[PDB]
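Student: Chains as they are written, first to last, in UniProt numbering: chain A, 2 to 151; chain B, 195 to 204, 211 to 242.
1) For residue 51 (chain A), does the three-state DSSP call read helix, strand or coil?
2) Per DSSP, what kind of secondary structure is residue 35 (chain A) in: helix, strand or coil?
3) Does DSSP classify residue 114 (chain A) as helix, strand or coil?
4) Starting from residue 104 (chain A) and walking both ways along the alpha helix (DSSP H), at which residues does that stretch end?
5) May I have the straight-line CA-CA distance separating residue 38 (chain A) from residue 217 (chain B), to the nearest angstrom?
6) Per DSSP, what are the beta-bridge partners of residue 138 (chain A) in this structure?
7) Opposite residue 28 (chain A) in the DSSP bridges: which residues?
8) Identify whether residue 120 (chain A) lies in helix, strand or coil by the three-state DSSP scheme.
9) Where does residue 9 (chain A) fall in DSSP's three states?
10) Just the C-alpha distance for residue 28 (chain A) and residue 13 (chain A), rounded to the nearest angstrom, thanks.
11) Exposed or buried, what is residue 77 (chain A) when buried is set at 16 or more other beta-carbons lying within 10 Å of its beta-carbon?
12) Thinking C-beta only, is residue 195 (chain B) closer than 9 Å to residue 215 (chain B)?
13) Among A:30, A:84, A:74, which has the Cα closest to the Cα of residue 59 (chain A)?
14) Confirm, please, whether the CB-CB distance from residue 26 (chain A) to residue 66 (chain A) is below 9 Å.
15) State the Cα-Cα distance for the pair residue 54 (chain A) and residue 48 (chain A), rounded to the nearest angstrom.
16) So is residue 137 (chain A) buried or exposed if we call it buried at 16+ other beta carbons inside 10 Å?
17) Using 10 angstroms around the beta-carbon of residue 70 (chain A), count the other beta-carbons present and answer buried if the total reaches 16, otherwise exposed.
18) Which of the three DSSP states is assigned to residue 83 (chain A) in this structure?
19) Can you tell which of A:82, A:32, A:45, A:86 has its C-alpha closest to the C-alpha of residue 64 (chain A)?
20) Thinking C-alpha only, which one of A:56, A:3, A:139, A:7 is nearest residue 100 (chain A)?
Pasting the structure below:
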């Protein structure tokens with residue numbers, strides 16, 4: 002394990018902060034978003050690639066002790082390093098149909114809802130810093146920095 | 195007429217044509233009535 006005693010202690014203290022129903026554990030459906038909130042950002046698929054069960058009775062029923070959660074978090078902490086600022090800026094540069102930073106909200110909504118795993122009509126509203134009127138014009142450069150800091 | 199449709203803001213056979221488009225898609229039966237006949241081939 003790569004984590005120090007202080008880091009493991011910090012993870013325990015963080016694990017204790019969640020308003021769980023006294024399970025003393027963490028649900029397999031929830032643990033992905035816990036790991037996201039507390040540190041590195043895995044994909045929806047990665048939560049299975051860490052050798053968590055890809056099929057089950059229910060992901061809300063499946064649940065893990067800290068002893069099982071810690072290595073699951075450690076492996077992505079070590080092996081799931083996210084892209085560079087240059088990489089995300091390049092991605093958005095290739096995406097941007099206006100080729101000037103000022104992307105259209107409808108196109109952003111398309112590449113989050115339609116492509117990949119479907120991001121919800123509640124998520125997108127909390128992600129988009131601007132608004133989607135008849136213009137829909139928003140600058141991606143702010144958004145890339147926002148998610149880089151996330 | 196479907197793909198190049200104008201949108202003011204954002211089934212099966214049905215589609216909401218604009219004023220110009222609805223007339224354009226109605227030009228066909230008008231021209232066909234004045235310009236078509238029946239032959240052994242067609």
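We treat Cβ as the ideally placed atom computed from N, Cα and C, and that holds for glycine.
Tutor: Checking against the coordinates, here is how it stands:
1) In the first chain, the residue the question calls residue 51 (chain A) occupies position 50. Secondary structure of residue 51 (chain A) (DSSP, three-state): coil.
2) The residue you call residue 35 (chain A) lines up with position 34 of the first chain. Of the three classes helix, strand and coil, the one that applies to residue 35 (chain A) here is helix, per DSSP.
3) Reading the first chain from its first residue, position 113 is the one you call residue 114 (chain A). Correct three-state label for residue 114 (chain A): helix.
4) Here residue 104 (chain A) is taken as the residue at index 103 of the first chain, counted from 1. Membership of residue 104 (chain A) in any alpha helix (DSSP H) is not indicated; the residue belongs instead to the beta strand (DSSP E) covering 103-105.
5) On the first chain, residue 38 (chain A) is found 37 positions in, with the first residue counted as 1. On the second chain, residue 217 (chain B) is found 17 positions in, with the first residue counted as 1. Whole-angstrom Cα-Cα distance: 48 Å.
6) Position 137 of the first chain, counted from the first residue, corresponds to residue 138 (chain A). Looking at the DSSP assignment, residue 138 (chain A) forms a beta bridge with A:105.
7) Within the first chain, numbered from 1, the residue matching residue 28 (chain A) stands at position 27. In the DSSP output, where bridge partners are listed per residue, residue 28 (chain A) has A:64.
8) Walking along the first chain from the start, residue 120 (chain A) turns up at place 119. Coil at residue 120 (chain A), not helix or strand.
9) Here residue 9 (chain A) refers to the residue found at position 8 of the first chain. Here DSSP, grouped into helix, strand and coil, assigns residue 9 (chain A) to helix.
10) By one-based count along the first chain, residue 28 (chain A) stands at place 27. By one-based count along the first chain, residue 13 (chain A) stands at place 12. Rounded to the nearest angstrom, the two C-alpha atoms are 16 Å apart.
11) Residue 77 (chain A) sits at position 76 when you count from the first residue of the first chain. Burial check for residue 77 (chain A): the Cβ neighbour count within 10 Å reaches 16 or more, so the residue is buried.
12) Numbered from its first residue, the second chain carries residue 215 (chain B) at position 15. Numbered from its first residue, the second chain carries residue 195 (chain B) at position 1. Taking the C-beta atoms as reference points, residue 195 (chain B) is found nearer than 9 Å to residue 215 (chain B).
13) Indexing the first chain from 1 puts residue 59 (chain A) at position 58. Checked all of A:30, A:84, A:74; the closest Cα to residue 59 (chain A) is A:30.
14) Within the first chain, the letter at position 65 stands for residue 66 (chain A). Within the first chain, the letter at position 25 stands for residue 26 (chain A). Their beta carbons are under 9 Å apart, which means residue 66 (chain A) touches residue 26 (chain A) by this criterion.
15) Indexing the first chain from 1 puts residue 54 (chain A) at position 53. Indexing the first chain from 1 puts residue 48 (chain A) at position 47. Near 9 Å, if we compare the C-alpha coordinates of residue 48 (chain A) and residue 54 (chain A).
16) Within the first chain, residue 137 (chain A) is the residue found at index 136, counting from 1. Buried, by the Cβ-count rule.
17) Counting from one through the first chain, the residue named residue 70 (chain A) turns up at place 69. The residue in question, residue 70 (chain A), is buried, as its Cβ has 16 or more Cβ neighbours within 10 Å.
18) Counted from its first residue, the first chain places residue 83 (chain A) at position 82. Here residue 83 (chain A) sits in coil by DSSP.
19) Mapped onto the first chain, residue 64 (chain A) falls at position 63. Of the listed residues, the one whose Cα sits closest to residue 64 (chain A) is A:32.
20) Reading the first chain from its first residue, position 99 is the one you call residue 100 (chain A). Residue 100 (chain A) has its Cα closest to that of A:139, out of A:56, A:3, A:139, A:7.
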